[PDB]
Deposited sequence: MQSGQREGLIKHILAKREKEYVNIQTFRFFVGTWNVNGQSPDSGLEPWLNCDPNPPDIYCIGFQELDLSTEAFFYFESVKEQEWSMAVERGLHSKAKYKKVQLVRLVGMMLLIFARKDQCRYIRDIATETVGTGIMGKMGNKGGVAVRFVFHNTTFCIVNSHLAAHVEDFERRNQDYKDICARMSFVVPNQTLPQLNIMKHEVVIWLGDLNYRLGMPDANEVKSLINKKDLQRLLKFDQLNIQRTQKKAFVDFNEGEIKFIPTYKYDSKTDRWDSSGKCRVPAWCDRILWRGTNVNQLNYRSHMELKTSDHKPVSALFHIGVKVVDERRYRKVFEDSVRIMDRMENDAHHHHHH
C-alpha cells in the first residue's frame, strides 16, 4: 500500500499552507431557565463585518426536573432557532453542531462558504454537579478541525457561592481530566491536545470582598480595575491554581451578575447578592488576537447579562496550487526511486 505520499504530503505541510486570519464570535449566556423574551441581534449582530464561526454557549437553558433527569427539552429548540435568526445580516450561516447536558448547551454555527472545511467533529459532556456526577453543573464541549488547525470549544457552568472558589477549581480540573473525545475512526483526544481551546460560560467566580455597598458604588463610580484585583478568577490564575496557561481580555464592562429579571436593576432579593463577573471567555493557543470583550446590557431576558467576544484567529489554510506542485514533486521523486 504505497499511499505514503499521503503521509509525506502531511509532513510537507509548511510548503503549501498560509496562516489566514478568520473571525470567531463567541458568546455566553445564563438564561435562568427562561425562553427568549426578545431578539438576539444586539448580542450577535454587533460587529460591522460578519463572523466566520459563531460559538454560542448557554447555561441554565432548562431548570425543570425533566431536563435535570436527561429528558428532552422544548427549550433546546426554542433557543437554537432564536440564535439562527439573530446571526449577522451580511452572511448566510449553517448549523455545525449542538450539545446539551441538562441546561448547558453549546451551538456552533459556520458561514456557509466555510462549512465544507469543518471535519472530525466530536462532542463530550461532563456533569460535576450533585454527587460530582449530575448535570446540574459541569460542562459540555465540541471539537473539530477547521482547515488544518484543530479547535475545541468548552462551555461550562461551574459551582456557585462565593466561598466555593476551591470547588470551582475542582470542577475545572475534573472537566479537563474526564472529558475525552473519540474521533476520527483511534486515539482518544483530550481537551488540551487541541491547537486552539476556547473556554467560556458561567465560571461563577465572585469578587473576593463581602461588602456589597462598596462594590455597587465603585461600579457606579466607573472604577472597575480596583474591583478586578479582588475577582477570584483573576487571583486563581495569578496564583496558578486553575486556568493556566489561559488568557483573558482586559475587562471593561460592569459585572454581569446578578440582575432583577427584565431590568437593569441589581438584585433586590433578601439574599441581596454581591455583583460578580460570573460570565467569562478565556482562550489558549497561538495566532489568537482578541479585538473585543464586552457585555450586552440591553438584553433583559435573564438575571445574567450575555457576554460576547470577537476574535481574529489564524488558521492554516491549504493553497491548492502549492499543494499540487508539492504532491507532483513527491510522486515524481517516488517514481524516480526505481534503482
Deposited positions lacking CA coordinates: 1-5, 191-192, 347-354
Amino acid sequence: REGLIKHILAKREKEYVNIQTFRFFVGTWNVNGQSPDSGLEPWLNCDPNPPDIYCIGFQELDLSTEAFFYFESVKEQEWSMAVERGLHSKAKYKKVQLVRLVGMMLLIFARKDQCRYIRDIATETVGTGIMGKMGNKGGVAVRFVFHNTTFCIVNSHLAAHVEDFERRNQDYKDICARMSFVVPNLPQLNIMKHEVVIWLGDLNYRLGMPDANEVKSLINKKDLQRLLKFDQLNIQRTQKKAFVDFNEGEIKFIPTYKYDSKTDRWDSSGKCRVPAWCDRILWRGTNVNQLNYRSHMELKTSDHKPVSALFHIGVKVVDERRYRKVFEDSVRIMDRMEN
From here on, numbers count along this sequence of modelled residues.
Of 265-273 and 132-140, the stretch whose C-alpha atoms average the higher B-factor in the entry: 265-273
Test of understanding: from the entry's C-alpha B-factors, which stretch has the higher mean, 103-111 or 175-183? 175-183
Against its chain's modelled residues, does residue 324's Cα B factor rank lowest, middle or highest third? highest
Taking only the Cα B-factors deposited for this chain, tell me whether residue 119 sits in the lowest, middle or highest third. lowest
Using the B-factors in the PDB entry, rank residue 317's C-alpha atom against the chain and give the third, lowest, middle or highest. middle
Within-chain third of residue 210 by Cα B-factor, per the entry: highest
When the modelled residues of the chain are sorted by Cα temperature factor, does residue 19 land in the lowest, middle or highest third? lowest
